[PDB]
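Asker: Got a structure for you, questions after.
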Amino acid sequence: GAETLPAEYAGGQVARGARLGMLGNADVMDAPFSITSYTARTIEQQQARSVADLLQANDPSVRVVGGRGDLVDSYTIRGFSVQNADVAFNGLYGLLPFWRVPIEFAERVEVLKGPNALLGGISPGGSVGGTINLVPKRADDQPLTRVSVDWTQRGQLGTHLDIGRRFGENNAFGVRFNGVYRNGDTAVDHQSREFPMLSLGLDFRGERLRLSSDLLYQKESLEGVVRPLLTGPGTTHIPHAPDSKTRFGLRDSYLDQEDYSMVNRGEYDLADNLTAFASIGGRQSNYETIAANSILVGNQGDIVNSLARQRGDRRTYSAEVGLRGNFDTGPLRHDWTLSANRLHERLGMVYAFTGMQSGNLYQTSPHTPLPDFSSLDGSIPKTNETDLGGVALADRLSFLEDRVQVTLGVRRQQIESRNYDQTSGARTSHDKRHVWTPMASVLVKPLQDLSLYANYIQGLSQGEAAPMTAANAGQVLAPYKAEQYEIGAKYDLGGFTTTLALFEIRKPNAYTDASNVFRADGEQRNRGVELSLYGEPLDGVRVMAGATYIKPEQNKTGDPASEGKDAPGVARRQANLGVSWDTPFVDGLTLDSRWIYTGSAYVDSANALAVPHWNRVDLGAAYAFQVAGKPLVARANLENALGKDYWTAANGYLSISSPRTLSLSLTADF
Ligand SMILES: O=C(O)[C@H]1CSC(c2ccccc2O)=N1
Ligand SMILES: O=C(O)[C@H]1CSC(c2ccccc2O)=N1
Ligand SMILES: [Fe+3]
Ligand SMILES: [K+]
C-alpha cells in the first residue's frame, strides 16, 4: 500500500517508514535515502507546538533560523537553507501555513535529507537541502474524546481538543477533529501571542476505492515581533548575545498571519496490478505586519532599527494525477509509477521601508514612532503569478529475491512566472524554462537486517533576478541545478538501529562580478558524514542520538578573500542526544533529557566574522494515572534549562535564541 501509514519502530518515538514523493511510502530498510519520521507520541510528550519546536530538539541534521518570537521559521539541512513554505503535505507542495507550520494536528513529521527533484518536482521556494513532510491524523476505529489544557511562561493559556469517530457499515467513513486556542504573554519582554486553529481529517475506506479530505484553519497574532540582526559595512566582530528575554527591535510591532486550505485525495484499484491516484487542493494566506530588522552599527552593541510595513494576499492551487503498477519480466519484478503534477499561484505582496531608529542590543526598546504607511491602504495589487508543472516516470527493479533493488527515473519540469511593479503595475519580468532531471539508486541486502545503498539525485531552483544596481538589473538568470551523490549503510538490531551516511551536494552560486554583471558563475561543494542511533536498547530506556560533520566549501568565487572558505551560516559540527526513561521505581512516571550542540560558524563569505559554538539542554517529565476510570497524563517541559543566550548564524544575519521556557499540561481521555 503506497499510502499505508508506516508502523511505529521500537520505543514508539520514530516510525519504520516515510514517503519518497511519487514512489509513495517505503520502509527505512528499503529506502536508498536518509529518512526519519517522528511520531505524534513524541510530539505530545515534549509539548512541541510547531515544526521548528520538534526538529531543533531532536534531529542532528536540522537547525532553525528565526525562532518562535519572530514571524517566520526557516531550516538549515545538509548545509543549505530550506523554507517553511517548502514543507510538504502527504507529498504535495503549497498547502500548509506559509511562515510557520503548526503540528498539533499531525500524525507524523518526516525528514528526507538532500535534494529530491525527481521524486516530487521543484519546491515553490527553490529549497534543495531536504524535504520535510507532514502526515495528517485520521480517525481510529475506537472512538476518541481527548481534552487537554496547558500553561506556558509567562501567561499563555491553552486548550486542545482531539476527537475522532467512524461511521457507516464496516466503519467505512472516519472523521477526526482538532481544535486549539492558546493566548497570553510569551517569555520575551512585552510580547503576547494569540493562536486559534481548526482541522478536519476525513476519509473513506472502500473495496476498490479510498478517499480523503483535509481542511485546516490557522492564525498567529503577535504584539511585538522579534527580527534578525544584520551585519553592517564596518562590522569587525560580532558582540556577545544579549539576555534572550530582551527585545531589541521595534517596540510596537505587530503581526496578523492567517492560513486556510483544503485538499481532496483518492486511489482506485483498476486491477490487481494497477492503481490510479489524484489529488487537488487550494490555500489562502493573508499577511499583515509592521516590524523592523536590527542593523549592527559600531562594534559595542549599538544598532539601527529599519522599519517596514508589509501586506500579502497569496492564492495557491496544487494538483497531481498518476498510475502505479507492477509486472514480472522473468526473474525481475517491475514496480513503476507514472505521475504528473501542477502548482499555480497568484500573489499580491506590497511593502514600504520608512524609518531608521537608534537602539542597543542589551536594552529592551522603548515605544518609538510608527511612520505613516497609509499609501499601502486599500486593495492589495497583484505582483507575481507562478506556474510549475511536470511529468515523471520511475521504475524500481527488484531481483534475487528482493535483495538487490535498482531504481531509475526521469522527470520533465516546467517553470514559469510573471512579475508586476507594486506601485506602477508595469510588467517587469516573465521567466519560462524547462529542465529534465533524473535519479539512479541501488540497494543491496547482504543480511536480512543490514542494507547498503547509493543514490544520485538533483535539486532545482529558479534563477535570481539581478540587483537593480548591476548592469543586467532586471534579468532573471537560468535555473540552478544541484547534484547529489550519497552512499550509506543501515543496521537494524531489532531493538535499535544504527545508520551511517556520506554525501556530496554541488550547486551553482550567483554573484556580481568585476565588470558589475550578475552571473551564476560561482559553485558550492558541500561534503558530509552522518551518524545516528535510535530505538529502545534497554527495556524502558529510549534513545535518539546523532552527529554530523560537513565541509561547506565555497570552491568557486570571484574573490581571493572568499575562495575555498566556508559558506556562511553552516557549522561544520552538530550533535543531538535524547534519553527517555520509564522509572522502574515509580509507576507511570517518565523522565526526559535532551542536549543539542552546534559548532562555530561564520556570517560572511570572507569568514572574518565568526560566532561561537552553543549548547542547549532540555528537561522533561510525565506522570500517567487514572481518575474515576479515565486515563490522565500530567507533563512538564523545561526548554533551555540552563538559561543560555546564543546566536544562530546565517548568511549576513543572525537570530537570537529563545529564553528558558517552562510549559505544563494535563490531558484526559473521556
Ligand atoms: O526578506 C525576507 O525574507 C522577509 C521575511 S518577513 C521580512 C520582514 C518583515 C517585516 C518587517 C521587515 C522585514 O524585512 N523580511
Ligand atoms: O529581512 C531582511 O533581511 C531584509 C533584507 S532586504 C529585505 C527586503 C527587501 C525587499 C522586499 C522585502 C524585504 O524584506 N528584507
Ligand atoms: Fe526582509
Ligand atoms: K514580484
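By order of appearance in the C-alpha cells: chains A, B, ..., then residues from 1 within every chain, and ligands from 1 in the order shown.
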Name the residues in contact with segment 107-110 of chain A at a cut-off of 10 Å, using only C-alpha atoms, excluding same-chain residues fewer than 6 positions from it; report them as a PyMOL selection string.
Answerer: chain A and resi 5-6+14-15+17-19+35-43+51+54-55+87-90+131-138
Asker: Please identify all polymer residues within 10 Å of segment 70-77 of chain A, counting only C-alpha atoms, omitting same-chain residues fewer than 5 positions from it, and present them as a count of residues only.
Answerer: 49
Asker: Name the closest residue to residue 252 of chain A among the candidates A:301, A:367, A:294, A:429; distances are taken between atoms, counting only C-alpha atoms.
Answerer: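 Checking each of A:301, A:367, A:294, A:429 against residue 252 of chain A, counting only C-alpha atoms, the winner is A:367.
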Asker: I need the residues of segment 540-618 of chain A that end up classed as strand (DSSP E) by DSSP on the backbone, written out as a ChimeraX atom specification.
Answerer: /A:541-556,573-582,589-598,601-602,610-611,614-618
Asker: At a cut-off of 7 Å and counting only C-alpha atoms and all ligand atoms, what residues surround ligand 1? Please answer as a ChimeraX atom specification.
Answerer: /A:72,289-293,307-310
Asker: Which polymer residues have any atom within 12 Å of an atom of residue 79 of chain A, counting only C-alpha atoms, with same-chain residues fewer than 5 positions away left out, as a short mmCIF file (atom, residue, chain, number, x, y, z; two decimals) with C-alpha atoms, in the first residue's frame?
Answerer:
```
data_model
loop_
_atom_site.label_atom_id
_atom_site.label_comp_id
_atom_site.auth_asym_id
_atom_site.auth_seq_id
_atom_site.Cartn_x
_atom_site.Cartn_y
_atom_site.Cartn_z
CA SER A 61 20.71 17.38 10.73
CA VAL A 62 18.21 20.28 11.19
CA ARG A 63 18.84 23.76 12.66
CA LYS A 113 17.70 14.71 3.64
CA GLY A 114 19.18 16.10 0.42
CA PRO A 115 17.57 17.14 -2.87
CA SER A 127 14.87 24.73 -1.48
CA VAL A 128 17.39 21.93 -2.11
CA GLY A 129 18.57 20.87 1.37
CA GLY A 130 15.87 18.31 2.08
CA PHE A 503 27.15 12.63 0.74
CA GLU A 504 28.23 15.40 -1.60
CA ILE A 505 25.99 18.21 -2.92
CA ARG A 506 27.25 20.64 -5.61
CA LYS A 507 25.21 23.75 -6.57
CA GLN A 524 29.32 25.43 -3.77
CA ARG A 525 30.59 21.95 -2.77
CA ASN A 526 29.15 20.52 0.50
CA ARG A 527 30.54 17.15 1.62
CA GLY A 528 29.41 15.47 4.85
CA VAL A 529 29.16 12.43 7.16
CA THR A 548 27.05 15.29 11.56
CA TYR A 549 30.22 16.73 10.04
CA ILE A 550 30.16 18.85 6.89
CA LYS A 551 32.72 20.86 4.96
CA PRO A 552 30.71 23.58 3.16
CA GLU A 553 33.18 24.75 0.53
CA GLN A 554 32.98 27.97 -1.50
CA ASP A 566 33.23 28.06 4.25
CA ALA A 567 29.72 29.09 3.24
CA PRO A 568 28.27 31.41 5.90
CA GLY A 569 25.69 30.07 8.33
CA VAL A 570 26.88 26.41 8.17
CA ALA A 571 28.55 25.00 11.27
CA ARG A 572 30.97 22.17 10.47
CA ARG A 573 29.91 20.11 13.54
CA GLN A 574 26.46 19.33 15.02
CA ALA A 601 30.21 29.18 12.15
CA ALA A 649 24.42 32.19 12.23
CA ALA A 650 23.03 32.60 8.71
CA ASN A 651 24.13 34.43 5.53
#
```
Asker: Return the single residue from A:653, A:175, A:381, A:543 that is closest to ligand 3, with distances computed using only C-alpha atoms and all ligand atoms.
Answerer: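 Smallest separation from ligand 3 among the options: A:653.
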